[PDB]
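I have placed the structure first, in the form of structure tokens, so that the comments after it can refer back to it.
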Amino acid sequence: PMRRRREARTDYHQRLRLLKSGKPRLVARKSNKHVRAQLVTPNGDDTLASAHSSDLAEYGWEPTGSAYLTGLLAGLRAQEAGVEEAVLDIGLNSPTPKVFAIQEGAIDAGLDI
Amino acid sequence: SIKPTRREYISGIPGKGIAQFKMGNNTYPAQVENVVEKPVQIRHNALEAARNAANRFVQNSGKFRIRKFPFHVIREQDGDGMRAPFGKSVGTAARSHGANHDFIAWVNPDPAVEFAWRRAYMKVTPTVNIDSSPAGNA
Amino acid sequence: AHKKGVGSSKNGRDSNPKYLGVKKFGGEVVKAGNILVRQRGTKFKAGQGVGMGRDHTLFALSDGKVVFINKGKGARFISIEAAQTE
Amino acid sequence: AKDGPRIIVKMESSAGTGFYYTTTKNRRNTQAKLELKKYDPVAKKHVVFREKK
Amino acid sequence: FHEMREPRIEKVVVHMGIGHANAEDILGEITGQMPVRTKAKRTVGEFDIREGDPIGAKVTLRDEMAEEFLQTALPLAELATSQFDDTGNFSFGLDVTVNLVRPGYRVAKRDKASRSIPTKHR
RNA sequence: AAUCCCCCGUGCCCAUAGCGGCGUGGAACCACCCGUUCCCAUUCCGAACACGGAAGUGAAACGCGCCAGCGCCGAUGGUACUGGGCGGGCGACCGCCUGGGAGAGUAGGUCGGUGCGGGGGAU
RNA sequence: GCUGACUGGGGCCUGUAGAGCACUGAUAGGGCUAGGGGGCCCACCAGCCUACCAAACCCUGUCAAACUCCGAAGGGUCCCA
RNA sequence: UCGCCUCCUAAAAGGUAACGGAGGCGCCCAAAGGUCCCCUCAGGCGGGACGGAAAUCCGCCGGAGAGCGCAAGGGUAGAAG
RNA sequence: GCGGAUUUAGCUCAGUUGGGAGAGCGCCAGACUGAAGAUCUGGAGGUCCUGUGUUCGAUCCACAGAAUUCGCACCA
């Protein structure tokens, strides 16, 4: 096959799905413990720590809120940066109520999503 | 160097009906042997014969290993005259690639065999070269 | 009123695929590269493939057209240097 | 086209009468009388299209 | 680290499958993890040619529920030798197959670095 | 604050990263974990996807490190093929002159290297 | 009106000749092996052994225009001369 | 024997006859269509029901060799699936 | 050498989902007769040509290759 293909679980490709364009893989990356999200925007882009459950201490609000806010937040540190409308990257999972969470994160953030 | 149709389509994948590869015997040293240097769709039958010929003149030790095999085929006459050629098949042969490792007479000391191949030699069809391998023959 | 057998006798016919434009030539939102028609073009150039490496054709405008799995559904952009402020 | 009383019969549809129609080929094959899909008569836009003919 | 090797429930399968509609219902009552799996072939050894028929039934039960069963039914069984086999697994009754699980075990499912299960851990 | 260890998401380089063999690590990390009213969810169980949390643990998927068995890569000189130019056989074909010059064949090589960020860890 | 065959350079294509075996189909000496054998308890025995046929995997070996993990010789084309 | 689809032949762009090689088509599929959601093959090995080729399930191994309506070639699981 | 068609139980014959096969005649047992025969009783019997191939599977579908019988064949 190909590396990722003999392996599995992944679909980094639907990642590509978005890669086409629409601005940035506002990518939610999750490992229950926490979540951390970055921004891969086309052109061998980069990022800007917009959201992580450790850039501001792993509270104790667990999922629900945790994601709510860290999201809103990322959205904002970001607009500070100067973006506008970003594009949703389901790092993985079926936009799990968790992702859902990060998601409204950008949502309310204002982060157009 | 024209050749066969499609080895599953004209005439492709046989058993070239012949007379196998090893008769003769063992040993670690003396390479006693036969190779040639002509170029040709080595004559199935012909060959087969020649070869078993040698066998005939001998019977045992002295590697009568024989490194040849007819695997493609000739064609001609079957239908209306001379213009449009459908295709009758005959002649299974192999490209004797202008010299190469033909058939061996391998063993420590059994000139009986050597001569024998010789025989097989005179036999064969395109002149062929009579010879020795990596050390000589004994 | 019919056809026969045991007479393969059957020519075939034409086609005309290609590497039309070839890599690194005056780019022009046009039939990019071809070996597979109902193509779905892509961005600037391509270089993924069943061999490894990658292709850069120093020419870009909107986009080009591909070859179903041959060549390479471009996407790894390269608008090329000659694409800076006039 | 090639009128084939074979499982291949030409047919078209109407926009509730958005007015005229549009082009389709079909098969008794499965589902007989059945034939509904939506379109856009010169009439306004969209509309319920029944296909039978 | 004996804190390893020494086991922990990993897959028990209970079933049946006649070339044939509800017997599997009987299953149902017996357990709680359905198993509609099509069976095959093409000949008459039981008049089984229809190459394509729902006819294989398999109530998968690992751990938990499989515990309810290992318990409830382990009594009606009666052999306890032989029907023991190699890869650390065994089977008996009108369609029962269980699989031991030494600690190397799990590695085997990985799509990645799928270690060919070292016949020394299992 | 803008020096190195480290893990974490993670990106380029399509096996000099894969295999597997031993090993090391949990504080920190991560997973495994616990449990299942409600989100959402299995054509069957929330095994996977799941929501909510300690304790338990590094076993398992996991990260560096060691190992050449497989595996991958891979040269020098080196042969065939040949671009071109001219000679020898009625011959299938032989040869020479002038740039190009694969694989395979022993060296030998490798068990990643490298992007950006986030957590720490170095007053 | 320097834009042309051509030559130097530089990308970027083809993938015959060659060559090779893991894709495929050949194929020969061979070994492991199980299918047929085949000789032995007569033999539902499915137990025994073994010198003939074999599939398959292995080592030694080979051929291919409609095979190719390999890969030129060269021709192509844009541009720079 | 006259049209079209694939392969070789085309001497490596693209492209050439031949009464040269082989082989398919004058259909279909209202859902193999659109898109969103999830699945990761054949095959081999080992172990059990009705099963002693040839399933059903379970546990390993796997440049995908399965697969795609129909023919060849291309592709390619990241999937067309 | 070209064409068309054919090779099934001993013999003459039948089938186009292909899906899983006889028709009548022959052959062994049972009668009916003192007997045999004609005649009622039962039965037993097939690579559907060789090898392939497409096929879930096709002898009924395809491709070579045997024998079948038939057509054919001129021009000066």
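As shown in the structure tokens, the chain order sets the letters A, B, ...; within each chain, residues go from 1, and ligands are also counted from 1 in the order they appear.
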*Close residues, stretch 37-50 of chain I itself excluded, 10 Å, only C-alpha atoms (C1' of nucleotides), min 5 positions apart in chain, as a PyMOL selection string*: chain I and resi 6-10+21+27-32+59-60+65-67
_Report as a ChimeraX atom specification all protein, DNA and RNA residues lying within 7 Å of residue D:11, evaluated on only C-alpha atoms (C1' of nucleotides), omitting residues in the same chain fewer than 6 positions from it._
/D:24-26,51-53
Output C-alpha atoms of each residue in that selection to a file, as an mmCIF file, in the first residue's frame.
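Wrote result24.cif, looks like this:
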```cif
data_model
loop_
_atom_site.group_PDB
_atom_site.id
_atom_site.type_symbol
_atom_site.label_atom_id
_atom_site.label_comp_id
_atom_site.auth_asym_id
_atom_site.auth_seq_id
_atom_site.Cartn_x
_atom_site.Cartn_y
_atom_site.Cartn_z
ATOM 1 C CA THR D 24 -35.067 11.258 -20.046
ATOM 2 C CA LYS D 25 -34.570 7.612 -21.087
ATOM 3 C CA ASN D 26 -36.031 4.847 -18.809
ATOM 4 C CA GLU D 51 -42.390 11.957 -15.638
ATOM 5 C CA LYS D 52 -44.826 9.499 -17.159
ATOM 6 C CA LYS D 53 -45.703 10.065 -20.925
#
```
*Quick one: which residues from chain E are at most 12 Å off chain I, using only C-alpha atoms (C1' of nucleotides), as a count of residues only?*
10
Within 9 Å of chain A, which residues of chain F show up? Give each one with its shortest atom-to-atom distance in Å (one decimal) and the two atoms involved, counting only C-alpha atoms (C1' of nucleotides), rows by chain then rising residue number, as CSV.
```
residue,atom,partner,partner_atom,distance
F:9,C1',A:29,CA,6.8
F:11,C1',A:44,CA,8.5
F:14,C1',A:2,CA,7.7
F:30,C1',A:31,CA,8.5
F:39,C1',A:97,CA,6.6
F:40,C1',A:97,CA,7.0
F:49,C1',A:94,CA,7.3
F:50,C1',A:96,CA,8.4
F:51,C1',A:97,CA,8.5
F:116,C1',A:46,CA,5.3
F:117,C1',A:47,CA,6.4
F:118,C1',A:49,CA,6.5
F:119,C1',A:54,CA,6.8
```
Quick check: residues of chain C within 12 Å of chain G, only C-alpha atoms (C1' of nucleotides), returned as a CSV table (one decimal) with C-alpha atoms, in the first residue's frame.
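Contents of result_33.csv, as written:
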```
chain,number,residue,atom,x,y,z
C,18,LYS,CA,-0.7,13.3,-24.0
C,19,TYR,CA,1.4,15.4,-21.8
C,20,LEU,CA,0.0,18.5,-23.5
C,21,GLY,CA,1.9,21.6,-22.4
C,22,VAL,CA,4.7,19.5,-20.8
C,23,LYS,CA,6.2,20.6,-17.4
C,24,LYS,CA,7.3,24.2,-17.1
C,25,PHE,CA,5.9,26.0,-20.1
C,26,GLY,CA,3.9,29.3,-20.7
C,27,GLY,CA,1.0,28.1,-18.4
C,33,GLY,CA,-2.2,17.2,-18.5
C,51,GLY,CA,6.7,6.2,-8.7
C,54,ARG,CA,6.8,15.4,-8.1
C,55,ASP,CA,6.2,17.8,-10.9
C,56,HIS,CA,6.6,21.5,-11.1
C,57,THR,CA,5.5,23.4,-14.2
C,58,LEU,CA,6.7,27.0,-13.7
C,59,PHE,CA,3.4,28.3,-15.1
C,71,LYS,CA,0.0,11.9,-14.0
```
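The spacing separating atom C1' of residue H:62 from atom CA of residue A:9 amounts to 17.1 Å.
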Would you please give, as a JSON list (two decimals) with C-alpha atoms, in the first residue's frame, all residues of stretch 36-97 of chain E that DSSP assigns to strand (DSSP E) based on the backbone?
```
[["chain", "number", "residue", "atom", "x", "y", "z"],
["E", 36, "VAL", "CA", -27.09, -11.96, 11.42],
["E", 37, "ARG", "CA", -24.22, -13.34, 9.24],
["E", 38, "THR", "CA", -24.85, -14.76, 5.73],
["E", 39, "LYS", "CA", -23.68, -18.34, 5.02],
["E", 53, "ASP", "CA", -28.21, -16.99, 1.99],
["E", 54, "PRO", "CA", -28.83, -15.63, 5.38],
["E", 55, "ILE", "CA", -27.98, -18.86, 7.34],
["E", 56, "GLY", "CA", -24.94, -18.23, 9.70],
["E", 57, "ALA", "CA", -25.87, -17.07, 13.24],
["E", 58, "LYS", "CA", -23.28, -15.79, 15.70],
["E", 59, "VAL", "CA", -23.84, -14.30, 19.22],
["E", 60, "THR", "CA", -20.68, -12.66, 19.99],
["E", 61, "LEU", "CA", -19.95, -12.24, 23.72],
["E", 84, "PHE", "CA", -8.65, -27.62, 24.24],
["E", 85, "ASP", "CA", -6.64, -26.30, 21.35],
["E", 89, "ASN", "CA", -8.39, -21.31, 22.75],
["E", 90, "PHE", "CA", -11.05, -24.05, 22.66],
["E", 91, "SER", "CA", -14.61, -24.89, 22.06],
["E", 92, "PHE", "CA", -17.44, -27.43, 22.50],
["E", 96, "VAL", "CA", -19.07, -22.67, 21.35],
["E", 97, "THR", "CA", -15.55, -21.13, 20.87]]
```
*Provide as a list in words the residues of chain F at most 12 Å from chain B, counting only C-alpha atoms (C1' of nucleotides).*
residues 91, 92, 93 and 94 of chain F
Save the residues we just selected, N, CA, C and O atoms (P, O5', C5', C4', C3', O3' and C1' of nucleotides), as a PDB file, in the first residue's frame?
```pdb
ATOM      1  P     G F  91      24.914 -10.973 -47.466  1.00  0.00           P
ATOM      2  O5'   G F  91      25.013 -12.387 -46.752  1.00  0.00           O
ATOM      3  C5'   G F  91      23.974 -13.323 -46.893  1.00  0.00           C
ATOM      4  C4'   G F  91      24.071 -14.336 -45.812  1.00  0.00           C
ATOM      5  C3'   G F  91      23.926 -13.797 -44.413  1.00  0.00           C
ATOM      6  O3'   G F  91      22.551 -13.712 -44.113  1.00  0.00           O
ATOM      7  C1'   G F  91      25.654 -15.404 -44.534  1.00  0.00           C
ATOM      8  P     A F  92      21.860 -12.281 -44.042  1.00  0.00           P
ATOM      9  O5'   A F  92      21.589 -12.088 -42.484  1.00  0.00           O
ATOM     10  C5'   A F  92      20.318 -12.410 -41.926  1.00  0.00           C
ATOM     11  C4'   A F  92      20.459 -13.429 -40.806  1.00  0.00           C
ATOM     12  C3'   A F  92      21.114 -12.986 -39.506  1.00  0.00           C
ATOM     13  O3'   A F  92      20.200 -12.342 -38.633  1.00  0.00           O
ATOM     14  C1'   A F  92      22.014 -15.055 -40.153  1.00  0.00           C
ATOM     15  P     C F  93      20.705 -11.127 -37.695  1.00  0.00           P
ATOM     16  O5'   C F  93      22.309 -11.192 -37.756  1.00  0.00           O
ATOM     17  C5'   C F  93      23.011 -12.366 -37.323  1.00  0.00           C
ATOM     18  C4'   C F  93      24.508 -12.277 -37.599  1.00  0.00           C
ATOM     19  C3'   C F  93      25.346 -11.260 -36.856  1.00  0.00           C
ATOM     20  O3'   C F  93      25.651 -11.684 -35.559  1.00  0.00           O
ATOM     21  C1'   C F  93      26.155 -11.507 -39.055  1.00  0.00           C
ATOM     22  P     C F  94      26.596 -10.774 -34.665  1.00  0.00           P
ATOM     23  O5'   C F  94      27.982 -10.711 -35.471  1.00  0.00           O
ATOM     24  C5'   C F  94      28.957 -11.756 -35.356  1.00  0.00           C
ATOM     25  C4'   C F  94      30.343 -11.266 -35.751  1.00  0.00           C
ATOM     26  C3'   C F  94      30.841  -9.979 -35.122  1.00  0.00           C
ATOM     27  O3'   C F  94      31.251 -10.100 -33.778  1.00  0.00           O
ATOM     28  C1'   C F  94      31.418  -9.953 -37.385  1.00  0.00           C
TER      29        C F  94
END
```
Hey, which bits of chain C sit within 9 Å of stretch 74-80 of chain H, and for each residue what's the closest pair of atoms and how far apart in Å (one decimal), counting only C-alpha atoms (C1' of nucleotides), rows by chain and increasing number, as JSON lines?
```
{"residue": "C:35", "atom": "CA", "partner": "H:74", "partner_atom": "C1'", "distance": 8.5}
{"residue": "C:36", "atom": "CA", "partner": "H:74", "partner_atom": "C1'", "distance": 8.4}
{"residue": "C:68", "atom": "CA", "partner": "H:75", "partner_atom": "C1'", "distance": 7.3}
{"residue": "C:69", "atom": "CA", "partner": "H:75", "partner_atom": "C1'", "distance": 5.6}
{"residue": "C:70", "atom": "CA", "partner": "H:75", "partner_atom": "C1'", "distance": 7.3}
```
Save the residues we just selected, N, CA and C atoms, as a CSV table (one decimal), in the first residue's frame?
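Generated output (result-v8.csv):
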```
chain,number,residue,atom,x,y,z
C,35,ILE,N,-4.4,11.9,-19.8
C,35,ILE,CA,-4.3,10.5,-20.0
C,35,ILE,C,-5.6,9.9,-19.4
C,36,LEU,N,-6.4,10.8,-19.0
C,36,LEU,CA,-7.7,10.5,-18.4
C,36,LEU,C,-8.7,11.7,-18.4
C,68,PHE,N,-7.3,11.1,-14.3
C,68,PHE,CA,-7.9,10.1,-13.4
C,68,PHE,C,-7.0,9.4,-12.3
C,69,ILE,N,-5.7,9.1,-12.6
C,69,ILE,CA,-4.9,8.5,-11.6
C,69,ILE,C,-3.5,8.4,-12.1
C,70,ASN,N,-3.4,8.7,-13.4
C,70,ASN,CA,-2.1,8.7,-14.0
C,70,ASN,C,-1.7,10.1,-13.7
```
*asked:* I'd like the interatomic distance between atom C1' of residue H:68 and atom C1' of residue H:81, to a tenth of an Å.
replied: 6.9 Å
List the neighbours of stretch 103-119 of chain E out to 8 Å using only C-alpha atoms (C1' of nucleotides); skip same-chain residues closer than 3 positions along the sequence, and give me the result as a PDB file with N, CA, C and O atoms (P, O5', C5', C4', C3', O3' and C1' of nucleotides), in the first residue's frame.
```
ATOM      1  N   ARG A   6      -1.480   1.146   4.980  1.00  0.00           N
ATOM      2  CA  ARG A   6      -1.316  -0.161   5.616  1.00  0.00           C
ATOM      3  C   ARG A   6      -1.679   0.065   7.079  1.00  0.00           C
ATOM      4  O   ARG A   6      -2.033  -0.905   7.780  1.00  0.00           O
ATOM      5  N   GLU A   7      -1.515   1.319   7.554  1.00  0.00           N
ATOM      6  CA  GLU A   7      -1.951   1.657   8.936  1.00  0.00           C
ATOM      7  C   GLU A   7      -3.504   1.759   9.148  1.00  0.00           C
ATOM      8  O   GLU A   7      -4.125   0.721   9.355  1.00  0.00           O
ATOM      9  N   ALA A   8      -4.133   2.945   9.015  1.00  0.00           N
ATOM     10  CA  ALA A   8      -5.598   3.115   9.261  1.00  0.00           C
ATOM     11  C   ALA A   8      -6.040   4.215  10.213  1.00  0.00           C
ATOM     12  O   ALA A   8      -5.318   5.185  10.437  1.00  0.00           O
TER      13      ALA A   8
ATOM     14  N   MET E   4       1.848  -9.304  34.558  1.00  0.00           N
ATOM     15  CA  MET E   4       1.539  -9.328  33.132  1.00  0.00           C
ATOM     16  C   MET E   4       0.842 -10.625  32.749  1.00  0.00           C
ATOM     17  O   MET E   4      -0.350 -10.814  32.989  1.00  0.00           O
ATOM     18  N   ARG E   5       1.621 -11.512  32.143  1.00  0.00           N
ATOM     19  CA  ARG E   5       1.153 -12.812  31.691  1.00  0.00           C
ATOM     20  C   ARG E   5      -0.176 -13.271  32.269  1.00  0.00           C
ATOM     21  O   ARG E   5      -1.118 -13.550  31.533  1.00  0.00           O
ATOM     22  N   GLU E   6      -0.259 -13.340  33.586  1.00  0.00           N
ATOM     23  CA  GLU E   6      -1.481 -13.781  34.238  1.00  0.00           C
ATOM     24  C   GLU E   6      -2.683 -12.927  33.712  1.00  0.00           C
ATOM     25  O   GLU E   6      -2.839 -11.768  34.079  1.00  0.00           O
ATOM     26  N   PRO E   7      -3.534 -13.528  32.839  1.00  0.00           N
ATOM     27  CA  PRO E   7      -4.747 -13.218  32.048  1.00  0.00           C
ATOM     28  C   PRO E   7      -5.738 -12.125  32.398  1.00  0.00           C
ATOM     29  O   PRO E   7      -5.534 -11.366  33.328  1.00  0.00           O
ATOM     30  N   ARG E 122       1.429 -15.865  23.930  1.00  0.00           N
ATOM     31  CA  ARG E 122       0.062 -16.399  23.841  1.00  0.00           C
ATOM     32  C   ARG E 122      -0.172 -17.688  24.635  1.00  0.00           C
ATOM     33  O   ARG E 122      -0.798 -18.632  24.106  1.00  0.00           O
TER      34      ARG E 122
ATOM     35  P     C F  19       6.894  -2.158  11.943  1.00  0.00           P
ATOM     36  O5'   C F  19       7.548  -3.560  11.690  1.00  0.00           O
ATOM     37  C5'   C F  19       6.918  -4.447  10.825  1.00  0.00           C
ATOM     38  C4'   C F  19       7.756  -5.657  10.714  1.00  0.00           C
ATOM     39  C3'   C F  19       8.197  -6.118  12.079  1.00  0.00           C
ATOM     40  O3'   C F  19       7.105  -6.756  12.728  1.00  0.00           O
ATOM     41  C1'   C F  19       9.966  -6.310  10.528  1.00  0.00           C
ATOM     42  P     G F  20       6.661  -6.288  14.200  1.00  0.00           P
ATOM     43  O5'   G F  20       7.064  -7.546  15.090  1.00  0.00           O
ATOM     44  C5'   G F  20       7.337  -8.805  14.475  1.00  0.00           C
ATOM     45  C4'   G F  20       8.780  -9.170  14.681  1.00  0.00           C
ATOM     46  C3'   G F  20       9.210  -8.982  16.109  1.00  0.00           C
ATOM     47  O3'   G F  20       8.922 -10.174  16.779  1.00  0.00           O
ATOM     48  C1'   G F  20      10.860  -8.156  14.619  1.00  0.00           C
ATOM     49  P     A F  59       5.636  -1.949  31.237  1.00  0.00           P
ATOM     50  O5'   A F  59       4.787  -3.303  31.389  1.00  0.00           O
ATOM     51  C5'   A F  59       3.404  -3.314  31.758  1.00  0.00           C
ATOM     52  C4'   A F  59       2.644  -4.356  30.960  1.00  0.00           C
ATOM     53  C3'   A F  59       2.310  -3.944  29.537  1.00  0.00           C
ATOM     54  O3'   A F  59       3.381  -4.288  28.661  1.00  0.00           O
ATOM     55  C1'   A F  59       0.381  -4.857  30.592  1.00  0.00           C
ATOM     56  P     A F  60       3.511  -3.567  27.222  1.00  0.00           P
ATOM     57  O5'   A F  60       2.065  -3.701  26.580  1.00  0.00           O
ATOM     58  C5'   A F  60       1.651  -4.903  25.942  1.00  0.00           C
ATOM     59  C4'   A F  60       0.202  -4.797  25.513  1.00  0.00           C
ATOM     60  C3'   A F  60      -0.125  -3.731  24.475  1.00  0.00           C
ATOM     61  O3'   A F  60       0.078  -4.140  23.128  1.00  0.00           O
ATOM     62  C1'   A F  60      -1.482  -3.373  26.326  1.00  0.00           C
ATOM     63  P     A F  61       0.988  -3.232  22.159  1.00  0.00           P
ATOM     64  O5'   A F  61      -0.055  -2.325  21.363  1.00  0.00           O
ATOM     65  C5'   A F  61       0.186  -1.933  20.005  1.00  0.00           C
ATOM     66  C4'   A F  61      -0.476  -0.599  19.719  1.00  0.00           C
ATOM     67  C3'   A F  61       0.411   0.633  19.873  1.00  0.00           C
ATOM     68  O3'   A F  61       1.151   0.891  18.691  1.00  0.00           O
ATOM     69  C1'   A F  61      -1.468   0.946  21.185  1.00  0.00           C
TER      70        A F  61
ATOM     71  P     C H  60      -6.715 -10.497  16.990  1.00  0.00           P
ATOM     72  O5'   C H  60      -5.488 -11.401  16.539  1.00  0.00           O
ATOM     73  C5'   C H  60      -4.685 -11.046  15.441  1.00  0.00           C
ATOM     74  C4'   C H  60      -3.480 -11.934  15.398  1.00  0.00           C
ATOM     75  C3'   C H  60      -2.538 -11.673  14.241  1.00  0.00           C
ATOM     76  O3'   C H  60      -1.516 -10.784  14.673  1.00  0.00           O
ATOM     77  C1'   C H  60      -3.187 -13.923  14.228  1.00  0.00           C
ATOM     78  P     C H  61      -0.944  -9.657  13.667  1.00  0.00           P
ATOM     79  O5'   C H  61      -0.520 -10.463  12.355  1.00  0.00           O
ATOM     80  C5'   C H  61       0.805 -10.962  12.209  1.00  0.00           C
ATOM     81  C4'   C H  61       1.021 -11.548  10.832  1.00  0.00           C
ATOM     82  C3'   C H  61       0.683 -10.643   9.671  1.00  0.00           C
ATOM     83  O3'   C H  61       1.713  -9.746   9.375  1.00  0.00           O
ATOM     84  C1'   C H  61      -0.118 -12.792   9.190  1.00  0.00           C
TER      85        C H  61
END
```
*Using only C-alpha atoms (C1' of nucleotides), select each residue of chain C with any atom at most 10 Å away from an atom of chain F, and give the selection as a PyMOL selection string.*
chain C and resi 48-53
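The part of chain I that reaches within 12 Å of chain B is made up of residues 1, 2, 52, 53, 63, 64 and 73 of chain I, counting only C-alpha atoms (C1' of nucleotides).
Straight-line separation from atom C1' of residue G:29 to atom CA of residue B:23: 9.4 Å.
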_Close residues, residue C:15 itself excluded, 12 Å, only C-alpha atoms (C1' of nucleotides), min 3 positions apart in chain, as an MDAnalysis selection string_ = (chainID C and resid 12 18 35:37) or (chainID H and resid 4:6 14:15)
With N, CA, C and O atoms (P, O5', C5', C4', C3', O3' and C1' of nucleotides) retained, could you export that selection as a PDB file, in the first residue's frame?
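New file out_3.pdb:
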```
ATOM      1  N   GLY C  12      -7.783  -2.390 -35.065  1.00  0.00           N
ATOM      2  CA  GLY C  12      -8.284  -1.653 -33.918  1.00  0.00           C
ATOM      3  C   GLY C  12      -8.395  -0.221 -34.409  1.00  0.00           C
ATOM      4  O   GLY C  12      -8.526  -0.016 -35.615  1.00  0.00           O
ATOM      5  N   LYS C  18      -1.940  12.460 -24.071  1.00  0.00           N
ATOM      6  CA  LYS C  18      -0.718  13.284 -24.025  1.00  0.00           C
ATOM      7  C   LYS C  18      -0.366  14.047 -22.760  1.00  0.00           C
ATOM      8  O   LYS C  18      -1.131  14.121 -21.791  1.00  0.00           O
ATOM      9  N   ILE C  35      -4.362  11.890 -19.820  1.00  0.00           N
ATOM     10  CA  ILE C  35      -4.285  10.466 -20.018  1.00  0.00           C
ATOM     11  C   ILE C  35      -5.574   9.916 -19.410  1.00  0.00           C
ATOM     12  O   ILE C  35      -5.783   8.707 -19.344  1.00  0.00           O
ATOM     13  N   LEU C  36      -6.440  10.836 -18.987  1.00  0.00           N
ATOM     14  CA  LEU C  36      -7.737  10.499 -18.402  1.00  0.00           C
ATOM     15  C   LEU C  36      -8.735  11.698 -18.351  1.00  0.00           C
ATOM     16  O   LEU C  36      -8.816  12.421 -17.362  1.00  0.00           O
ATOM     17  N   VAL C  37      -9.489  11.820 -19.460  1.00  0.00           N
ATOM     18  CA  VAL C  37     -10.538  12.809 -19.857  1.00  0.00           C
ATOM     19  C   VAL C  37     -11.551  13.512 -18.927  1.00  0.00           C
ATOM     20  O   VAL C  37     -11.419  14.706 -18.687  1.00  0.00           O
TER      21      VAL C  37
ATOM     22  P     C H   4     -14.717   3.974 -36.545  1.00  0.00           P
ATOM     23  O5'   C H   4     -15.212   3.527 -35.094  1.00  0.00           O
ATOM     24  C5'   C H   4     -15.847   4.449 -34.219  1.00  0.00           C
ATOM     25  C4'   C H   4     -16.212   3.771 -32.926  1.00  0.00           C
ATOM     26  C3'   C H   4     -15.064   3.253 -32.078  1.00  0.00           C
ATOM     27  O3'   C H   4     -14.450   4.249 -31.274  1.00  0.00           O
ATOM     28  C1'   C H   4     -16.732   1.600 -32.205  1.00  0.00           C
ATOM     29  P     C H   5     -13.228   3.842 -30.302  1.00  0.00           P
ATOM     30  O5'   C H   5     -13.898   2.912 -29.204  1.00  0.00           O
ATOM     31  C5'   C H   5     -14.200   3.415 -27.911  1.00  0.00           C
ATOM     32  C4'   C H   5     -13.838   2.392 -26.881  1.00  0.00           C
ATOM     33  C3'   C H   5     -12.377   1.996 -26.929  1.00  0.00           C
ATOM     34  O3'   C H   5     -11.522   2.865 -26.213  1.00  0.00           O
ATOM     35  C1'   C H   5     -13.670   0.060 -27.015  1.00  0.00           C
ATOM     36  P     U H   6      -9.941   2.812 -26.504  1.00  0.00           P
ATOM     37  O5'   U H   6      -9.537   1.368 -25.983  1.00  0.00           O
ATOM     38  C5'   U H   6      -9.576   1.107 -24.597  1.00  0.00           C
ATOM     39  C4'   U H   6      -8.853  -0.159 -24.286  1.00  0.00           C
ATOM     40  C3'   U H   6      -7.527  -0.373 -24.976  1.00  0.00           C
ATOM     41  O3'   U H   6      -6.456   0.392 -24.458  1.00  0.00           O
ATOM     42  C1'   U H   6      -8.763  -2.351 -25.080  1.00  0.00           C
ATOM     43  P     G H  14       4.066   8.869 -26.437  1.00  0.00           P
ATOM     44  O5'   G H  14       3.407   9.811 -27.556  1.00  0.00           O
ATOM     45  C5'   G H  14       2.229  10.590 -27.297  1.00  0.00           C
ATOM     46  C4'   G H  14       1.829  11.395 -28.519  1.00  0.00           C
ATOM     47  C3'   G H  14       1.296  10.637 -29.732  1.00  0.00           C
ATOM     48  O3'   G H  14      -0.099  10.387 -29.639  1.00  0.00           O
ATOM     49  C1'   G H  14       2.730  12.384 -30.406  1.00  0.00           C
ATOM     50  P     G H  15      -0.800   9.332 -30.629  1.00  0.00           P
ATOM     51  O5'   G H  15      -0.201   9.638 -32.080  1.00  0.00           O
ATOM     52  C5'   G H  15      -1.062   9.792 -33.215  1.00  0.00           C
ATOM     53  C4'   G H  15      -0.415   9.246 -34.481  1.00  0.00           C
ATOM     54  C3'   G H  15      -0.311   7.738 -34.688  1.00  0.00           C
ATOM     55  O3'   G H  15      -1.482   7.197 -35.289  1.00  0.00           O
ATOM     56  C1'   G H  15       1.766   8.724 -35.153  1.00  0.00           C
TER      57        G H  15
END
```
With a cut-off of 10 Å, could you pull out the residues of chain B touching chain C and give me the nearest pair of atoms for each, distance in Å to one decimal, using only C-alpha atoms, ordered by chain and ascending number, as a Markdown table?
```
| residue | atom | partner | partner_atom | distance |
| --- | --- | --- | --- | --- |
| B:10 | CA | C:8 | CA | 9.9 |
| B:85 | CA | C:7 | CA | 9.9 |
| B:86 | CA | C:7 | CA | 6.7 |
| B:87 | CA | C:7 | CA | 9.2 |
```
